[PDB]
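Enquirer: Following this message is one structure expressed as structure tokens.
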There are 4 protein chains.
Amino acid sequence: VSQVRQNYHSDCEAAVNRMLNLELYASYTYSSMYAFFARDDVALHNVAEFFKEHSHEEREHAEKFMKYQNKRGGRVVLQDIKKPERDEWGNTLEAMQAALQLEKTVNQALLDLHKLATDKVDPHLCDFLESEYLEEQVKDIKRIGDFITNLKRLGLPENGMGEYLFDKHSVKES
Amino acid sequence: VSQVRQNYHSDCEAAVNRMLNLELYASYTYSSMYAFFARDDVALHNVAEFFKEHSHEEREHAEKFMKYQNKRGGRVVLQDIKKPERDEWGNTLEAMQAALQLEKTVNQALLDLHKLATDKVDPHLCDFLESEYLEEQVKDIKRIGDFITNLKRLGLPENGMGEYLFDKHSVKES
Amino acid sequence: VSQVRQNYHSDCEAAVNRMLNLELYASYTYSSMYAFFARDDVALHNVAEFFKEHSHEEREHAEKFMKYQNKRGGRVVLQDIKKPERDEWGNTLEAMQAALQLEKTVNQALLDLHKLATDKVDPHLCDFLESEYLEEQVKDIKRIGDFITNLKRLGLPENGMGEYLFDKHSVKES
Amino acid sequence: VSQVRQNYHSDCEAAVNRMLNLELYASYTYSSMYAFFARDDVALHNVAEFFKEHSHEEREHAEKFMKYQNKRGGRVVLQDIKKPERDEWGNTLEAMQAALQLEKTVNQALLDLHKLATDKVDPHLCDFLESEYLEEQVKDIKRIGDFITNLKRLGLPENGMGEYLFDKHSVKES
Ligand SMILES: [Cl-]
Ligand SMILES: [Cl-]
Ligand SMILES: [Cl-]
Ligand SMILES: [Cl-]
Ligand SMILES: [Cl-]
Ligand SMILES: [Cl-]
Ligand SMILES: [Cl-]
Ligand SMILES: [Cl-]
Ligand SMILES: [Cl-]
Ligand SMILES: [Cl-]
Ligand SMILES: [Cl-]
Ligand SMILES: [Cl-]
Ligand SMILES: [Cl-]
Ligand SMILES: [Cl-]
Ligand SMILES: [Cl-]
Ligand SMILES: [Cl-]
Ligand SMILES: [Cl-]
Ligand SMILES: [Cl-]
Ligand SMILES: [Cl-]
Ligand SMILES: [Cl-]
Ligand SMILES: [Cl-]
Ligand SMILES: [Cl-]
Ligand SMILES: [Cl-]
Ligand SMILES: [Cl-]
Ligand SMILES: [Cl-]
Ligand SMILES: [Cl-]
Ligand SMILES: [Cl-]
Ligand SMILES: [Cl-]
Ligand SMILES: [Cl-]
Ligand SMILES: [Cl-]
Ligand SMILES: [Cl-]
Ligand SMILES: [Cl-]
Ligand SMILES: [Cl-]
Ligand SMILES: [Cl-]
Ligand SMILES: [Cl-]
Ligand SMILES: [Cl-]
Ligand SMILES: [Cl-]
Ligand SMILES: [Cl-]
Ligand SMILES: [Cl-]
Ligand SMILES: [Cl-]
Ligand SMILES: [Cl-]
Ligand SMILES: [Cl-]
Ligand SMILES: [Cl-]
Ligand SMILES: [Cl-]
Ligand SMILES: [Cl-]
Ligand SMILES: [Cl-]
Ligand SMILES: [Cl-]
Ligand SMILES: [Cl-]
Ligand SMILES: [Cl-]
Ligand SMILES: [Cl-]
Ligand SMILES: [Cl-]
Ligand SMILES: [Cl-]
Ligand SMILES: [Cl-]
Ligand SMILES: [Cl-]
Ligand SMILES: [Cl-]
Ligand SMILES: [Cl-]
Ligand SMILES: [Cl-]
Ligand SMILES: [Cl-]
Ligand SMILES: [Cl-]
Ligand SMILES: [Cl-]
Ligand SMILES: [Cl-]
Ligand SMILES: [Cl-]
Ligand SMILES: [Cl-]
Ligand SMILES: [Cl-]
Ligand SMILES: [Cl-]
Ligand SMILES: [Cl-]
Ligand SMILES: [Cl-]
Ligand SMILES: [Cl-]
Ligand SMILES: [Cl-]
Ligand SMILES: [Cl-]
Ligand SMILES: [Cl-]
Ligand SMILES: [Cl-]
Ligand SMILES: [Cl-]
Ligand SMILES: [Cl-]
Ligand SMILES: [Cl-]
Ligand SMILES: [Cl-]
Ligand SMILES: [Cl-]
Ligand SMILES: [Cl-]
Ligand SMILES: [Cl-]
Ligand SMILES: [Cl-]
Ligand SMILES: [Cl-]
Ligand SMILES: [Cl-]
Ligand SMILES: [Cl-]
Ligand SMILES: [Cl-]
Ligand SMILES: [Cl-]
Ligand SMILES: [Cl-]
Ligand SMILES: [Cl-]
Ligand SMILES: [Cl-]
Ligand SMILES: [Cl-]
Ligand SMILES: [Cl-]
Ligand SMILES: [Cl-]
Ligand SMILES: [Cl-]
Ligand SMILES: [Cl-]
Ligand SMILES: [Cl-]
Ligand SMILES: [Cl-]
Ligand SMILES: [Cl-]
Ligand SMILES: [Cl-]
Ligand SMILES: [Cl-]
Ligand SMILES: [Cl-]
Ligand SMILES: [Cl-]
Ligand SMILES: [Cl-]
Ligand SMILES: [Cl-]
Ligand SMILES: [Cl-]
Ligand SMILES: [Cl-]
Ligand SMILES: [Cl-]
Ligand SMILES: [Cl-]
Ligand SMILES: [Cl-]
Ligand SMILES: [Cl-]
Ligand SMILES: [Mg+2]
Ligand SMILES: [Mg+2]
Ligand SMILES: [Mg+2]
Ligand SMILES: [Mg+2]
Ligand SMILES: [Mg+2]
Ligand SMILES: [Mg+2]
Ligand SMILES: [Mg+2]
Ligand SMILES: [Mg+2]
Ligand SMILES: [Mg+2]
Ligand SMILES: [Mg+2]
Ligand SMILES: [Mg+2]
Ligand SMILES: [Mg+2]
Ligand SMILES: [Mg+2]
Ligand SMILES: [Mg+2]
Ligand SMILES: [Mg+2]
Ligand SMILES: [Mg+2]
Ligand SMILES: [Mg+2]
Ligand SMILES: [Mg+2]
Ligand SMILES: [Mg+2]
Ligand SMILES: [Mg+2]
Ligand SMILES: [Mg+2]
Ligand SMILES: [Mg+2]
Ligand SMILES: [Mg+2]
Ligand SMILES: [Mg+2]
Ligand SMILES: [Mg+2]
Ligand SMILES: [Mg+2]
Ligand SMILES: [Mg+2]
Ligand SMILES: [Mg+2]
Ligand SMILES: [Mg+2]
Ligand SMILES: [Mg+2]
Ligand SMILES: [Mg+2]
Ligand SMILES: [Mg+2]
């Protein structure tokens with residue numbers, strides 16, 4: 001047993017390792033979306049940069065779980081990072097729809113970890129999730145939903161002019 | 001009943017007074033460690049200053065419980081502050097080991113108070129503990145554990161050169 | 001065929017995807033080393049930060065291969081990122097020895113890609129490797145070799161005081 | 001023989017003169033595109049400025065070949081600069097398609113000169129091409145390809161509103 005460990009259940013330790021992996025998986029998916037939108041035959045570079053920034057965010061969130069594990073006296077255990085589900089992402093609407101689903105998947109895993117922490121009477125882990133993850137997660141889901149609404153309004157997938165305009169106005173100039 | 005009191009159980013009020021006392025006790029122990037390391041026949045002044053700073057931190061944490069009590073309409077009730085368990089602290093390793101145990105004792109009392117607050121359905125007291133105590137407590141326990149690991153690596157208790165080097169490199173120059 | 005593609009062999013395209021994967025693999029290994037050295041029972045935080053910085057460097061080098069692929073009209077194809085070979089890294093000497101081997105493995109893959117680019121008469125890919133990778137790779141290998149020499153001089157693995165001193169003097173304060 | 005000449009084949013000297021001419025030819029084509037887009041019955045002035053800037057770039061690249069020739073002890077020999085292939089350029093899509101082809105033609109000539117330099121064992125000329133031309137050439141080809149993709153998305157040639165929007169958003173305000 002680690003000399004620092006106190007009130008830290010083995011199940012929570014394992015679930016934090018699984019969260020770490022899921023954040024890395026999410027980062028890698030967003031990296032794939034970045035590369036797709038930067039293709040010469042896609043060429044929506046502000047959309048590409050949005051996804052690149054989200055990849056970096058998810059990697060930072062993985063790092064925060066590594067540090068959490070060590071602070072509690074758990075032990076980081078890494079697994080393979082699975083490649084993304086698709087190699088090509090269709091268009092801005094399909095990608096944003098996939099991002100919404102990804103963000104909801106990550107949110108459900110966070111919520112499930114909060115349930116576990118609650119069951120194991122671990123208020124430090126509850127706090128960590130509430131303070132560092134849950135709200136920023138709700139904000140991301142909201143933003144992507146707002147984007148999907150606007151992509152539909154702009155006539156995606158058919159309306160290429162609409163897609164062009166989204167890249168100029170909805171996402172920040174890179 | 002205080003005019004401000006709302007949703008504040010008598011048991012929680014009493015437990016906050018006991019936490020106040022425990023923080024004062026912890027402060028006083030750290031003060032003893034400070035004085036020991038500043039002795040002419042010990043003379044590890046950066047280690048001494050580390051413990052002096054921790055004494056001041058614990059006193060500030062006691063003050064925060066006094067203010068909490070008043071904000072909720074409870075009543076501060078003070079008890080004697082017991083002298084520390086030892087009059088002399090051996091060496092840097094023994095002191096850090098005693099500090100780890102002290103920090104874990106304080107952590108357990110915080111966690112027990114969170115349990116009580118949860119049982120009495122007091123989310124304000126839960127929040128206060130999560131926001132002001134639990135994380136900083138985990139950080140302190142981690143730091144002291146890291147120090148103990150390094151003191152062992154440096155050959156304590158036998159290796160005086162190792163002890164000298166810890167005071168120069170691991171704790172901030174005072 | 002991409003409208004931008006010119007003088008870019010399919011074999012080179014595939015080898016760039018494999019390089020991308022290898023850089024991600026190297027990043028992930030360095031992340032594991034970071035987490036290990038930040039454990040409470042290891043606690044060599046400057047060594048940990050050295051490896052964290054190298055993880056970030058390798059991730060940036062992966063990103064540069066993604067961008068290269070798109071610039072040439074190739075297509076990024078991602079594979080799983082394999083977990084590192086070890087879950088725990090022994091001590092600073094064992095980790096640095098593993099890092100040397102990793103850097104040499106990456107170097108050999110770069111050199112092999114340069115051979116391929118040369119065989120396929122692709123001077124743009126040769127230049128990219130020479131200008132962005134080969135020299136920085138030689139510098140990293142040299143630095144890690146210098147470190148191993150110093151860790152041996154300091155008496156690793158047995159000499160814990162030596163290991164402590166390396167973390168204070170050889171790697172930058174984090 | 002020039003007193004400075006060393007390791008500089010006559011064939012390479014001649015090919016550098018031909019490259020100089022081709023860069024001047026490319027400059028002149030881009031100037032024609034500039035003038036076309038500035039016509040009162042075309043009036044896409046940001047597109048016009050993009051082509052004017054590229055004309056100036058190609059002229060600068062011609063000048064760099066003149067200086068190279070002199071530095072090696074070769075002798076600049078000028079030929080007529082042929083007028084561009086068209087007197088009118090249709091619309092933004094047709095012009096960008098012609099620019100892509102032009103950039104690929106120049107790239108092929110650069111690559112062919114690198115082959116020649118390699119055959120004549122002239123590493124200075126290889127370096128010059130790799131360091132000053134090949135990468136910037138790949139970037140230009142990529143940019144123009146990205147533009148063509150966006151012009152198609154915007155409904156060119158039929159969609160005049162799309163063409164108007166490209167001039168406002170894709171090319172820098174002049
Ligand atoms: Cl525990
Ligand atoms: Cl704890
Ligand atoms: Cl416990
Ligand atoms: Cl507990
Ligand atoms: Cl737990
Ligand atoms: Cl457990
Ligand atoms: Cl696990
Ligand atoms: Cl996992
Ligand atoms: Cl774009
Ligand atoms: Cl830490
Ligand atoms: Cl813990
Ligand atoms: Cl574990
Ligand atoms: Cl993992
Ligand atoms: Cl695995
Ligand atoms: Cl797996
Ligand atoms: Cl995964
Ligand atoms: Cl998907
Ligand atoms: Cl796919
Ligand atoms: Cl998903
Ligand atoms: Cl609970
Ligand atoms: Cl709890
Ligand atoms: Cl949050
Ligand atoms: Cl939401
Ligand atoms: Cl919006
Ligand atoms: Cl529409
Ligand atoms: Cl739709
Ligand atoms: Cl929007
Ligand atoms: Cl009450
Ligand atoms: Cl209240
Ligand atoms: Cl009440
Ligand atoms: Cl209530
Ligand atoms: Cl209460
Ligand atoms: Cl009560
Ligand atoms: Cl009381
Ligand atoms: Cl008391
Ligand atoms: Cl001292
Ligand atoms: Cl007050
Ligand atoms: Cl109250
Ligand atoms: Cl009271
Ligand atoms: Cl008291
Ligand atoms: Cl008393
Ligand atoms: Cl008493
Ligand atoms: Cl006491
Ligand atoms: Cl004691
Ligand atoms: Cl004593
Ligand atoms: Cl204690
Ligand atoms: Cl409750
Ligand atoms: Cl509650
Ligand atoms: Cl806290
Ligand atoms: Cl801790
Ligand atoms: Cl430390
Ligand atoms: Cl020793
Ligand atoms: Cl010992
Ligand atoms: Cl230390
Ligand atoms: Cl090709
Ligand atoms: Cl090319
Ligand atoms: Cl080709
Ligand atoms: Cl070729
Ligand atoms: Cl190639
Ligand atoms: Cl091919
Ligand atoms: Cl591939
Ligand atoms: Cl691969
Ligand atoms: Cl350290
Ligand atoms: Cl690009
Ligand atoms: Cl290419
Ligand atoms: Cl491919
Ligand atoms: Cl990959
Ligand atoms: Cl795979
Ligand atoms: Cl695989
Ligand atoms: Cl891998
Ligand atoms: Cl290994
Ligand atoms: Cl292992
Ligand atoms: Cl290796
Ligand atoms: Cl070659
Ligand atoms: Cl070549
Ligand atoms: Cl380099
Ligand atoms: Cl080297
Ligand atoms: Cl060195
Ligand atoms: Cl030794
Ligand atoms: Cl050895
Ligand atoms: Cl060194
Ligand atoms: Cl010569
Ligand atoms: Cl020469
Ligand atoms: Cl010669
Ligand atoms: Cl020669
Ligand atoms: Cl030559
Ligand atoms: Cl000759
Ligand atoms: Cl000539
Ligand atoms: Cl000519
Ligand atoms: Cl205009
Ligand atoms: Cl000159
Ligand atoms: Cl010469
Ligand atoms: Cl000549
Ligand atoms: Cl000419
Ligand atoms: Cl002529
Ligand atoms: Cl002629
Ligand atoms: Cl000409
Ligand atoms: Cl033409
Ligand atoms: Cl014409
Ligand atoms: Cl052409
Ligand atoms: Cl050669
Ligand atoms: Cl050569
Ligand atoms: Cl270049
Ligand atoms: Cl290109
Ligand atoms: Cl673009
Ligand atoms: Cl249209
Ligand atoms: Cl068309
Ligand atoms: Cl564009
Ligand atoms: Mg132990
Ligand atoms: Mg376990
Ligand atoms: Mg698979
Ligand atoms: Mg909270
Ligand atoms: Mg918050
Ligand atoms: Mg966020
Ligand atoms: Mg999130
Ligand atoms: Mg507009
Ligand atoms: Mg605007
Ligand atoms: Mg009253
Ligand atoms: Mg009472
Ligand atoms: Mg007594
Ligand atoms: Mg509850
Ligand atoms: Mg709660
Ligand atoms: Mg907090
Ligand atoms: Mg603290
Ligand atoms: Mg505390
Ligand atoms: Mg095509
Ligand atoms: Mg292929
Ligand atoms: Mg495996
Ligand atoms: Mg260089
Ligand atoms: Mg480097
Ligand atoms: Mg490298
Ligand atoms: Mg020293
Ligand atoms: Mg020093
Ligand atoms: Mg002469
Ligand atoms: Mg000649
Ligand atoms: Mg003619
Ligand atoms: Mg070079
Ligand atoms: Mg260059
Ligand atoms: Mg250029
Ligand atoms: Mg060029």
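Numbering starts fresh at 1 for the residues of each chain in the structure tokens, the chains themselves are lettered A, B, ... in the order given, and ligands are numbered from 1 as they appear.
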I'd like the neighbourhood of residue 29 (chain C) as a PyMOL selection string, where a residue qualifies if any of its atoms comes within 9 Å (using only C-alpha atoms), though same-chain residues fewer than 3 positions away should be ignored.

Expert: chain C and resi 24-26+32-34+51+55+83-86+99+102

Enquirer: Set the distance at 7 Å and use only C-alpha atoms: which residues neighbour residue 4 (chain C) once local chain neighbours fewer than 6 positions away are removed? I'd like the list as a PyMOL selection string.

Expert: (chain C and resi 72-73) or (chain D and resi 141-142+145)

Enquirer: For chain B, which of C:156, C:22, C:138, C:14 is the closest residue, counting only C-alpha atoms?

Expert: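 Using only C-alpha atoms, the shortest distance to chain B belongs to C:156.
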
Enquirer: I'd like the superposed copy of chain D - fitted to chain C by least squares over all paired Cα atoms - as a compact mmCIF listing (two decimals) with C-alpha atoms, in the first residue's frame.

Expert:
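Ended up saving to result_39.txt:
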# COMPACT_ATOMS: atom_id res chain seq x y z
CA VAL D 1 -5.32 10.98 -57.03
CA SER D 2 -5.11 14.21 -55.01
CA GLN D 3 -4.91 17.35 -57.17
CA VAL D 4 -1.80 18.47 -55.25
CA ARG D 5 0.11 15.19 -55.44
CA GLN D 6 3.39 15.30 -57.34
CA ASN D 7 6.40 13.03 -57.04
CA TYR D 8 4.99 11.32 -53.93
CA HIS D 9 5.28 7.55 -53.96
CA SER D 10 2.65 5.37 -52.27
CA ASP D 11 5.42 3.61 -50.35
CA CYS D 12 6.59 6.93 -48.89
CA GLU D 13 3.02 7.88 -48.01
CA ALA D 14 2.61 4.62 -46.10
CA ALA D 15 5.98 5.00 -44.37
CA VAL D 16 5.02 8.51 -43.23
CA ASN D 17 1.88 7.04 -41.62
CA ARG D 18 4.06 4.46 -39.86
CA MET D 19 6.43 7.23 -38.64
CA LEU D 20 3.44 9.16 -37.31
CA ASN D 21 2.42 6.07 -35.30
CA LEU D 22 5.96 5.53 -34.01
CA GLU D 23 6.20 9.13 -32.80
CA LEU D 24 2.89 8.73 -30.96
CA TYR D 25 4.19 5.47 -29.45
CA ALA D 26 7.37 7.25 -28.31
CA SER D 27 5.31 10.11 -26.81
CA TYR D 28 3.22 7.59 -24.87
CA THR D 29 6.32 5.83 -23.51
CA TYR D 30 7.72 9.13 -22.29
CA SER D 31 4.36 9.91 -20.63
CA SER D 32 4.61 6.62 -18.74
CA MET D 33 8.09 7.56 -17.56
CA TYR D 34 6.80 10.93 -16.40
CA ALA D 35 4.05 9.31 -14.32
CA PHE D 36 6.45 6.81 -12.81
CA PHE D 37 8.92 9.43 -11.60
CA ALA D 38 6.06 11.46 -10.09
CA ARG D 39 4.93 8.52 -7.93
CA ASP D 40 5.13 9.17 -4.18
CA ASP D 41 7.52 6.20 -3.85
CA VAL D 42 9.80 7.49 -6.64
CA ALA D 43 9.48 11.27 -6.33
CA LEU D 44 12.13 12.58 -8.70
CA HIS D 45 10.09 15.41 -10.12
CA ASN D 46 12.74 17.07 -12.29
CA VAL D 47 13.41 13.74 -13.97
CA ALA D 48 9.62 13.36 -14.33
CA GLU D 49 9.39 16.75 -16.02
CA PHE D 50 12.22 15.91 -18.43
CA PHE D 51 10.22 12.93 -19.64
CA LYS D 52 6.96 14.92 -19.75
CA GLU D 53 8.66 17.50 -21.99
CA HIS D 54 9.95 14.76 -24.25
CA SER D 55 6.46 13.30 -24.48
CA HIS D 56 5.17 16.63 -25.67
CA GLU D 57 8.05 16.94 -28.18
CA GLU D 58 7.30 13.54 -29.72
CA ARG D 59 3.58 14.40 -29.99
CA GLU D 60 4.54 17.59 -31.82
CA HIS D 61 6.70 15.55 -34.16
CA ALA D 62 3.74 13.28 -34.88
CA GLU D 63 1.65 16.31 -35.72
CA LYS D 64 4.33 17.48 -38.12
CA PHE D 65 4.09 14.16 -40.02
CA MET D 66 0.26 14.57 -40.22
CA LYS D 67 0.70 18.00 -41.73
CA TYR D 68 3.41 16.72 -44.09
CA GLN D 69 1.11 13.99 -45.34
CA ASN D 70 -1.63 16.49 -46.13
CA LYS D 71 0.73 18.96 -47.77
CA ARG D 72 1.92 16.28 -50.21
CA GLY D 73 -1.60 15.01 -50.94
CA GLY D 74 -1.21 11.80 -49.04
CA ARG D 75 -3.82 10.57 -46.64
CA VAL D 76 -3.38 10.21 -42.93
CA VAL D 77 -4.20 6.70 -41.74
CA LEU D 78 -4.08 6.10 -38.02
CA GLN D 79 -3.49 2.87 -36.14
CA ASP D 80 -3.71 1.97 -32.45
CA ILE D 81 -1.04 3.51 -30.28
CA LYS D 82 0.52 0.59 -28.44
CA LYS D 83 1.05 0.92 -24.69
CA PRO D 84 4.64 1.19 -23.49
CA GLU D 85 6.76 -1.92 -22.96
CA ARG D 86 6.91 -1.51 -19.17
CA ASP D 87 4.51 -0.29 -16.53
CA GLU D 88 7.31 0.71 -14.11
CA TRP D 89 10.74 2.00 -15.06
CA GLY D 90 13.04 0.94 -12.21
CA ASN D 91 15.08 4.06 -11.58
CA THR D 92 16.60 7.01 -13.43
CA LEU D 93 19.36 4.90 -15.01
CA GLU D 94 17.03 2.18 -16.32
CA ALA D 95 14.66 4.83 -17.68
CA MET D 96 17.42 6.75 -19.42
CA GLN D 97 18.74 3.53 -20.92
CA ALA D 98 15.25 2.78 -22.25
CA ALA D 99 15.02 6.35 -23.59
CA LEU D 100 18.35 5.99 -25.39
CA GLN D 101 17.12 2.81 -27.06
CA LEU D 102 13.82 4.48 -27.97
CA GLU D 103 15.57 7.47 -29.49
CA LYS D 104 17.83 5.15 -31.51
CA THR D 105 14.80 3.18 -32.67
CA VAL D 106 13.12 6.36 -33.84
CA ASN D 107 16.39 7.46 -35.45
CA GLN D 108 16.68 4.20 -37.35
CA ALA D 109 13.12 4.60 -38.64
CA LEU D 110 13.94 8.17 -39.78
CA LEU D 111 17.08 6.94 -41.51
CA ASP D 112 15.14 4.13 -43.15
CA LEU D 113 12.55 6.62 -44.39
CA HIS D 114 15.37 8.78 -45.80
CA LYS D 115 16.66 5.69 -47.67
CA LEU D 116 13.22 5.09 -49.09
CA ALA D 117 12.82 8.75 -50.10
CA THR D 118 16.22 8.60 -51.74
CA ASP D 119 15.28 5.39 -53.63
CA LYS D 120 12.04 7.02 -54.83
CA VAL D 121 13.86 10.23 -55.81
CA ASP D 122 11.88 12.45 -53.42
CA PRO D 123 14.14 15.36 -52.46
CA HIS D 124 11.33 17.20 -50.65
CA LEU D 125 10.91 14.30 -48.20
CA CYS D 126 14.70 14.01 -47.82
CA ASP D 127 14.88 17.72 -46.99
CA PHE D 128 12.03 17.47 -44.53
CA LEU D 129 13.76 14.69 -42.64
CA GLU D 130 17.17 16.40 -42.70
CA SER D 131 15.81 19.82 -41.72
CA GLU D 132 13.21 18.85 -39.12
CA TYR D 133 14.30 15.50 -37.63
CA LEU D 134 17.81 14.11 -38.12
CA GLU D 135 19.82 16.74 -36.25
CA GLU D 136 17.48 17.16 -33.37
CA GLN D 137 17.53 13.37 -33.08
CA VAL D 138 21.34 13.28 -32.84
CA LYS D 139 21.17 15.97 -30.15
CA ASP D 140 18.69 14.01 -28.09
CA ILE D 141 20.68 10.80 -28.33
CA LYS D 142 23.83 12.70 -27.26
CA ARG D 143 22.08 14.30 -24.27
CA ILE D 144 20.70 10.99 -23.02
CA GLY D 145 24.08 9.32 -23.47
CA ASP D 146 25.72 12.11 -21.48
CA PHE D 147 23.11 11.54 -18.77
CA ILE D 148 23.72 7.78 -18.63
CA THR D 149 27.46 8.45 -18.23
CA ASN D 150 26.72 10.76 -15.34
CA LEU D 151 24.26 8.37 -13.70
CA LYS D 152 26.91 5.64 -13.79
CA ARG D 153 29.49 8.07 -12.34
CA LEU D 154 26.99 8.90 -9.57
CA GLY D 155 26.79 5.22 -8.60
CA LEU D 156 23.40 4.22 -9.94
CA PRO D 157 21.54 2.08 -9.35
CA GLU D 158 22.76 1.60 -5.77
CA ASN D 159 23.70 5.15 -4.81
CA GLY D 160 20.48 6.90 -3.89
CA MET D 161 22.28 10.11 -2.98
CA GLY D 162 23.72 10.11 -6.48
CA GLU D 163 20.27 9.69 -7.97
CA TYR D 164 18.94 12.54 -5.80
CA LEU D 165 21.77 14.80 -6.96
CA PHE D 166 21.20 14.03 -10.65
CA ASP D 167 17.61 15.21 -10.29
CA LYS D 168 18.80 18.50 -8.75
CA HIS D 169 21.71 19.27 -11.07
CA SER D 170 21.48 17.51 -14.42
CA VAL D 171 17.89 18.15 -15.45
CA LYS D 172 16.30 21.61 -15.33
CA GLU D 173 14.34 22.55 -12.14
CA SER D 174 10.69 22.19 -12.88

Enquirer: So how far away is atom 1 (Cl, counted along the ligand's line) of ligand 21 from atom 1 (Mg, counted along the ligand's line) of ligand 112, in Å?

Expert: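 That distance, rounded to one decimal, is 11.7 Å.
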
Enquirer: As an MDAnalysis selection string, list the residues of region 43-160 of chain B assigned to helix (DSSP H, G or I) by DSSP on the backbone atoms of this structure.

Expert: chainID B and resid 45:72 92:119 123:153 160
